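Trainee: Quick one, structure for this:
(5 chains, ligands or ions: 2)
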Amino acid sequence: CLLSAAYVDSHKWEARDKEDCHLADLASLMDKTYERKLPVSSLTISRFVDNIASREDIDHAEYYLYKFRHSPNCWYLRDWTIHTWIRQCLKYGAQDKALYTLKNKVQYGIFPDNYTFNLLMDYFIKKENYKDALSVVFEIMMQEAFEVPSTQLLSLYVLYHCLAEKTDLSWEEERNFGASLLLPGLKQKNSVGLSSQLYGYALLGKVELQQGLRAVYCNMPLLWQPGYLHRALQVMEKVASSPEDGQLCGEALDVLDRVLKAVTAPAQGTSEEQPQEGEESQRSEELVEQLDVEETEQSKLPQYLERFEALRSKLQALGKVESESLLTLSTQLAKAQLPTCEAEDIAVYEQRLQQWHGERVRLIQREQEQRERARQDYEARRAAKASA
Amino acid sequence: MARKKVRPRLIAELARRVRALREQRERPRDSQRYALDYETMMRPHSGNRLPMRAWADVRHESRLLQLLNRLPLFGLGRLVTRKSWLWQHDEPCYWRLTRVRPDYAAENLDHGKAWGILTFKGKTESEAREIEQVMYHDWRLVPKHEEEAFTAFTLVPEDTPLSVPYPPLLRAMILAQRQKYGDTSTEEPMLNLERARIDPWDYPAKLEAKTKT
Amino acid sequence: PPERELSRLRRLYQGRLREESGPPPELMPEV
Amino acid sequence: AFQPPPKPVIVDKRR
Amino acid sequence: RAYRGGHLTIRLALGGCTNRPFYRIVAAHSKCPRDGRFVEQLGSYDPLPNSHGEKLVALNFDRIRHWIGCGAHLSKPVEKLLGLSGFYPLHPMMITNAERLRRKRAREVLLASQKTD
Ligand SMILES: [Mg+2]
Ligand SMILES: [Mg+2]
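Mentor: Residues are numbered from 1 along each chain as shown, chains lettered A, B, ... in the order given. Ligands and ions are numbered 1, 2, ... in the order given. Sure, structure below:
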């Protein structure tokens, strides 16, 4: 999976930097203003960002980004100001400072729900970066920014690590993998997106059926309705008309869920004996979210087996879609279709860049108009000193 | 009332200005006012202890701003639900946020005041109201793909009677008066239970007062 | 009451629940 | 656990 | 007396000597004392049965609905007292207490008979 280098227009980034003012004046002006506890504009910090020329200068910016998040005008962070800091990071580091700010979403609050996620991902790919690529993909899911047509690119590299992972996952790992596949998987056009949705459902069903349901939706934008296993069977019931599926990784993971539950029920001392942290605390703090009328998910295991067993045989008769090539079929999506989608955002990139240019002129003329207004008022006040 | 020996007290007015000046200058911030210790369940600022009926929800849920900070524009236009409505009401209830301004005092940015649009039992209001009970540890956030599932609503007509019989003794007086005045119609009096609609107690009330109309 | 409403109240007031009772007697006998 | 960044110095010797 | 706030309320004011209670249905500001100044005295309520076995209650009906019309709150006992007269529907807590009495009496009857056998 690769992204074409066509979406690299550093010439436009050249025109973004237009202020060209010394950082000592900007840093001193805002530090004095913050000591007075007085609001500051997004223009001042943006000028500080646009005048970055060293890695030490970026550390000053991220410190000021942290303090501007605690400024009274934190919500007024312009899209381009975050974007400019991304480009400055991509010149020198491109690996650590951008990810660290994204890891501390609350403290800094850059939140770049733009094409820069693809640009940040693309440079990770061009440097053969995997461990950090997974983390930034997860944090995109937290911001749920899988909206652009190029969302296929993000969907690919999650599936790449699915092949590469051979490990007994943990409580958080299973939840993250399902969340990073369920919501990002939206390509009804392709069967690979449908397979990922089934794969994500099975992971959440393992999470829900084994320990609990509350932590599935605690920190992530998921649905708190129970019964995720029954939410995956309906997808396999949609194949009555839809002729495309992955069905390779979905069946393998469903069998793993089937194997785990078929041993958990008869062997309580083997699979259900793992939880041994606290007994008195758990009982006292136990919260029962489900009602009495709601059927227990444990009692739905025979119901799940009866429906699941018949469905798999039926789909093979007419679906005609059983292959592991989804690793390569999805790979060719970005190598061929994405360049067209890459050109789709080229014009949009100009539009967003042009809008930022208009706002910067508007912001600069806004400040200048009041600057002469203040001095005209000040000169008039001193010329005719009238006070009560 | 007045007397010819009125003494012009001035310290009382002086104390009023300074006391009013002090509270404005030393107005407690929302972060330090609502900061809570999660072990003793005691408020360090007000010295108040939360009731035992609210202990479980504090440790097993998050407030509005805790689930709103990790959003691009603090979740403008997003839909926010609450655990209290979810447990008791089968019909979906949610808020469409209009604007939100947190307080910078909190290091984690977990406090602030927010506005929104109210949707109760599928009934939508046409005006923006400031969100009440923000600090409660019961709020939740709905996903993007589930937004239209909860938005979709099935309107069910109300089957409550529009008229009920009068209380017995008060019913007799109604009959007695019209019989005395000559109105001898034997139609049973009824009470119009249409202007007495009562909103459920969980419905949030208007924080802002009402000016002269 | 419908059984669905009873289940909702049991969940809300779990832990501090009390034994429920059926319909009251129509006529009270004399000791 | 988040640790706030230390206070840096942005004064330049050029001026 | 000048009070900060308070709401007009119809309530019962105690009277009489010890072991002989006597309530007067009065309408006064909520922040005034129980036996303090009042707007208008409405009726009376004798708590003890007389030789005829009757507990006398007096109500100023045309005036009672006048104060309720202008926004006067009612306390728990006056609502029960009005509910018995029929001016108001039976207070829901009046019925529930009745039902509790039947169940306690039903338990009492069964408990006595179970010991008997
Ligand atoms: Mg208190
Ligand atoms: Mg006495």
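
Trainee: what's the closest non-adjacent residue to residue E:11?
Mentor: Of all residues beyond its chain neighbours, the one nearest residue E:11 is residue E:75 (4.7 Å), with distances taken as C-beta to C-beta, 6 or more residues apart in numbering or on different chains. (Each C-beta comes from the backbone N, C-alpha and C, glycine too.)

Trainee: hang on, isn't the one you found packed against residue E:12?
Mentor: Yes. Taking C-beta atoms under 8 Å as the contact criterion, residue E:75 and residue E:12 are neighbours in contact, 7.1 Å apart.

Trainee: quick one on the thing from earlier: which residues sit in contact with the residue nearest to residue E:11?
Mentor: When contacts are counted by C-beta atoms under 8 Å, 6 or more residues apart in numbering or on different chains, residue E:75 is found next to E:9, E:10, E:11, E:12.

Trainee: Quick check: residue B:164 is in a strand.
Mentor: Yes. The assignment for residue B:164, made by DSSP: H, G, I helix; E, B strand; the rest coil, places it in a strand.

Trainee: Which residues of chain B lie near chain C?
Mentor: Counting by C-beta under 8 Å from any C-beta of the partner chain, the residues of chain B lying close to chain C are B:87, B:88.

Trainee: give me every residue that touches residue B:197.
Mentor: Here residue B:197 is in contact with no residues (criterion: C-beta under 8 Å, 6+ apart).

Trainee: so how far is residue B:162 from it?
Mentor: With the distance defined as C-beta to C-beta, to the nearest Å, residue B:197 ends up 11 Å from residue B:162.

Trainee: likewise residue B:4?
Mentor: Taken as C-beta to C-beta, the spacing of residue B:4 relative to residue B:162 amounts to 67 Å.

Trainee: With just CA atoms, put stretch A:342-359 into PDB.
Mentor: Only the C-alpha atoms of stretch A:342-359 are listed here, as PDB (Å, rounded to 0.1, in the frame of the first residue of the first chain):
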ATOM      1  CA  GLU A 342      -5.900  12.400  -4.800                       C
ATOM      2  CA  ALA A 343      -6.800  14.700  -7.700                       C
ATOM      3  CA  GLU A 344     -10.300  15.200  -6.300                       C
ATOM      4  CA  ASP A 345      -8.800  16.900  -3.200                       C
ATOM      5  CA  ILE A 346      -6.200  18.800  -5.200                       C
ATOM      6  CA  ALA A 347      -8.800  21.300  -6.300                       C
ATOM      7  CA  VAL A 348     -10.300  21.200  -2.700                       C
ATOM      8  CA  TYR A 349      -6.800  21.800  -1.400                       C
ATOM      9  CA  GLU A 350      -6.700  25.000  -3.400                       C
ATOM     10  CA  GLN A 351     -10.100  26.100  -2.200                       C
ATOM     11  CA  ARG A 352      -9.200  25.600   1.500                       C
ATOM     12  CA  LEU A 353      -5.800  27.300   0.900                       C
ATOM     13  CA  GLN A 354      -7.500  30.200  -0.800                       C
ATOM     14  CA  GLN A 355     -10.100  30.600   2.000                       C
ATOM     15  CA  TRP A 356      -7.200  30.700   4.600                       C
ATOM     16  CA  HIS A 357      -5.500  33.400   2.500                       C
ATOM     17  CA  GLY A 358      -8.700  35.500   2.500                       C
ATOM     18  CA  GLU A 359      -9.100  35.100   6.200                       C
END
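
Trainee: Flag every buried residue along that stretch.
Mentor: By 16 or more other C-beta atoms under 10 Å in any protein chain shown, the buried positions in stretch A:342-359 come out as A:342, A:345, A:349, A:353, A:356, A:359.

Trainee: Can you read off the backbone torsions of the closest residue to residue E:89 other than its chain neighbours?
Mentor: Nearest residue to residue E:89, sequence neighbours excluded (C-beta to C-beta, 6+ apart): residue B:167, at 5.4 Å. Main-chain torsions, residue B:167, degrees, to the nearest 10: phi -60, psi 150.

Trainee: got the contact list for residue B:167?
Mentor: With contacts defined as C-beta under 8 Å, 6+ apart, residue B:167 is in contact with E:86, E:87, E:88, E:89.

Trainee: To which secondary structure element is residue A:136 assigned?
Mentor: Applying DSSP states H and E as the criterion places residue A:136 in helix A:131-143.

Trainee: Output the contacting helices and strands for that helix.
Mentor: Counting contacts by 3 or more C-beta pairs under 8 Å, 6 or more residues apart in numbering or on different chains; DSSP states H and E, helix A:131-143 is packed against helix A:97-103, helix A:105-108, helix A:116-126, helix A:151-164, helix A:171-182.

Trainee: and the last one, how far out from the chain's middle?
Mentor: Centre-to-centre, helix A:171-182 and its host chain are 13 Å apart (C-alpha atoms, centre = their mean, to the nearest Å).

Trainee: Next one: it, is it in contact with chain B?
Mentor: No. Between helix A:171-182 and chain B, judged by C-beta under 8 Å from any C-beta, nothing touches; the nearest distance is 8.6 Å.

Trainee: continuing past that helix, what's the next helix or strand?
Mentor: Helices and strands here follow DSSP H and E; after helix A:171-182, the next one along the chain is helix A:191-210.

Trainee: what packs against that next one?
Mentor: The contact analysis (3+ C-beta pairs under 8 Å, 6+ apart) places helix A:191-210 against helix A:151-164, helix A:171-182, helix A:228-237, helix A:248-264, helix A:326-332.

Trainee: Next, format those helices as JSON lines and append mean neighbour count and distance to residue E:42.
Mentor: Compiled in JSON lines, those are given as follows (neighbours: other C-beta atoms under 10 Å in any protein chain shown; distance: least, C-beta to C-beta, whole Å):
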{"stretch": "helix A:151-164", "mean neighbour count": "19", "distance to residue E:42": "74"}
{"stretch": "helix A:171-182", "mean neighbour count": "20", "distance to residue E:42": "67"}
{"stretch": "helix A:228-237", "mean neighbour count": "18", "distance to residue E:42": "64"}
{"stretch": "helix A:248-264", "mean neighbour count": "17", "distance to residue E:42": "72"}
{"stretch": "helix A:326-332", "mean neighbour count": "18", "distance to residue E:42": "83"}
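
Trainee: Show me how far stretch A:40-60 is from its chain's centre.
Mentor: 25 Å.

Trainee: If we go by neighbour counts, what in it is buried?
Mentor: Neighbour-count burial for stretch A:40-60 flags A:40-52, A:57-58, A:60 (criterion: 16+ other C-beta under 10 Å).

Trainee: near chain D, from the residues you listed?
Mentor: Among the buried residues of stretch A:40-60, chain D is touched by residue A:60 when using C-beta under 8 Å from any C-beta.

Trainee: nearest to residue C:27, of the buried residues of stretch A:40-60?
Mentor: Nearest to residue C:27, judged by C-beta to C-beta, of those is residue A:42 at 79.0 Å.

Trainee: OK, contacts around the closest one?
Mentor: Under the criterion of C-beta under 8 Å, 6+ apart, the contact list for residue A:42 reads A:73, A:76, A:77, A:78, A:81, A:363.

Trainee: Please report the distance of it from residue A:280.
Mentor: When distances are taken as C-beta to C-beta, residue A:42 and residue A:280 turn out to be 53 Å apart.

Trainee: and if you look at residue A:272?
Mentor: Distance from residue A:272 to residue A:280, counting by C-beta to C-beta: 19 Å.

Trainee: Looking at those two, which is more packed in?
Mentor: For residue A:272 and residue A:280, the more surrounded residue by other C-beta atoms under 10 Å in any protein chain shown is residue A:272, and the numbers stand at 12 against 7.
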